[PDB]
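To begin, one chain is listed below as structure tokens, in the form deposited without the ligand.
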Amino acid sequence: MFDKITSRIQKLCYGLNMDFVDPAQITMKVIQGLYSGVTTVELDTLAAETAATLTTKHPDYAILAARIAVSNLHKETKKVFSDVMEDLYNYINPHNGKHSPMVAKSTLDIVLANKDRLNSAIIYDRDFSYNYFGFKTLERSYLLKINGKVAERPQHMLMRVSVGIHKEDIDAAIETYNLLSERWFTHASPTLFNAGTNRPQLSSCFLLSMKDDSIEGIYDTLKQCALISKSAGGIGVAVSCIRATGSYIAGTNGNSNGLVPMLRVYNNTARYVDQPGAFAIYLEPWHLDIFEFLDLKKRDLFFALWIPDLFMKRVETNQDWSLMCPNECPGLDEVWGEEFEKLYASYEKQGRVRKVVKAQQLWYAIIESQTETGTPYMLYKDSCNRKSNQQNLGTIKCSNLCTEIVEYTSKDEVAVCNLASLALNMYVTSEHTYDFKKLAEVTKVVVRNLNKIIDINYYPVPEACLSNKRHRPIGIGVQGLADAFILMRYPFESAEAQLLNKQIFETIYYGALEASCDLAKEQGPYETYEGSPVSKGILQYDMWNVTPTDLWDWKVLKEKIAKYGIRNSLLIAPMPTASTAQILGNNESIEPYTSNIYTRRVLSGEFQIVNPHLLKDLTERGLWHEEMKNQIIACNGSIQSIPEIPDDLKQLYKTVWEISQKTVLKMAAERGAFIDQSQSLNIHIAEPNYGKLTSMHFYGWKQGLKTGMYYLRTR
């Protein structure tokens, strides 16, 4: 009897490690929610659930689990792509009666005029390549649904995005289709949510100079934020030009209440417009309201600092910092580095300061905020501007929400970003050699994609659109760096890892540029190209004084770029990639495993998950048991103190806490020479003291990092 269930679980067991997967186990839990009443479709989830719990015994359960629920999706959705599309278009909302197409006619009509070539391109066996928690992610949000029931299979949705990008160009579409569905990279969420629809808001982040220091200013800027958040976008906002508390107002002959009351207005605007807000506010440490600033998360806004070098210099030489009001001392954010230290001091040597503190004391109020709340983020204004390819445009006033994007912004330019990410774990061949020829190749495609995205994209406000058209900046990231190192057999901190880290990024960048060049050959450079460091032969690694390894002939590439230029002001920026890395079963971005154990909620409750790579070594060596697992939870996810585990692995699966943050910082410093934008650097300090922190910032600062620190994590 339960035999009829088992022999059916078994069907989807192909290629799985049957030392550790045992279908009999599931059946024993499933056969009990059985009765004369419901049957198969119900029991289908039942088993998927059960299987999914069992992930703790073996990673293959996640995959088995996945497969079952997938089988069941297929058993309840249309096969033919064009036919699924047809339904999404037609959907009359039978609620009111008005027609509401879920895809866009043009994408429909493109799809139908090639129903032949697109339909038979889709390989639906590719829906089994996702793990459970990955699949469930898609099913919650990424797969389009008519009234309850999901319509799109994951292939459908990929094909949709693909043609949603390459429109009339089928070839480019089917090659993007493949790449994606084999999980060689991914687009940003907005792209996957929106490509092929009526509101194709694909970009994924915006930046924003505060238009002007008046009510009129503050409220136009506010109108804009509301508008971007409407159509999804995250925002960075440059706020430093707003006059401080006490600063006189001529028009009303009153006295301004300063930056904070104004940050309340914005906060409140984020609680409103949603589809929760998310603004990063960037303040410069010379602003007279910087102290109140540091108490605010100490609320729907994240604070970040636009640090000028001068400030770091003064802090380390126990010194005199002078807080100014931007009304009283104009243009202080319109300038960086040299011209800043001249202009700033000029105001100091002119008396015109509102209040002097010791540099060191401000510093320590920062360390206080970070230990409390994990914020403010630390970004170095001078580093960012010095190594920016957009420096010919002016002074770069701030960054995006996750500190990775560094772009110019003005009264009439609001910077945007279009992002995507390469799955580094996919390029390590089954020989523990890393395939770079293939990595470069895929980047070049991602560039063409992102580049196409600029023109088709829906822009929420006009100067988002004006910005992006002038400088055509893109942003390309990575995920699974950690899994790459593990699949290679490399302790994250090993010299072996440390080289690979450079090499990977020498490659991503080589390809990006090379592809950006071919596009410039094809359609000319972006119009604010000539004037920039690349018209001058100075690529990103030069600005760092790094000479790359002989892996690629940059000699040859520079001669190309000298001939036809590039298409995009900027290209690379490794980002958090939180939501996508969940689908692909990867560790987020460039960071180690925070723990070797963690959970994940899925509708009702959670599932307990051990590091997939890890569990596979412990079980094969027959070291996996009850209390074995129960102990690692006791050690917050480390295995260092568990006695019967080899030397080999204790090294291989060190958690981020057990890793040297100095080393982490140094490694970013390395790769960051081939990242033309910035990177989202979290810092993990187990037991913090103000000492450890202070050298951290200082170490990373000395390394010359564009972003010093995204989040500080403490416990």
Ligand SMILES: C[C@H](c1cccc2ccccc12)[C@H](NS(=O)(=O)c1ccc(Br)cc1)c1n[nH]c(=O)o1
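The numbering used is simple: start at 1 and walk along the sequence shown. C-alpha atoms forming the largest set that superposes within 1.5 Å between two forms make up the rigid core.
This protein has a second form, the form solved in complex with the ligand, left out of what is shown; the following refers to that one.
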property	result
is_contact(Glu658, the ligand) in the bound PDB entry, heavy atom dist at most 4.5 Å	yes
The ligand contact at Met696 in the bound PDB entry, heavy atom, 4.5 Å	yes
Distance check, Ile685 to the ligand in the bound PDB entry, heavy atom within 4.5 Å	yes
In the bound PDB entry, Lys692 touching the ligand (heavy atom, 4.5 Å)	yes
Contact assignment for the ligand in the bound PDB entry, among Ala62, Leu665, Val70, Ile675, heavy atom within 4.5 Å	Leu665
Flagged residue of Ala515, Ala423, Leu618, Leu439 - C-alpha shift reaching 2 Å or more between this form and the one not shown, core superposed	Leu618
Exceeds or equals 2 Å, Cα of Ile632 between this form and the one not shown, core fit	yes
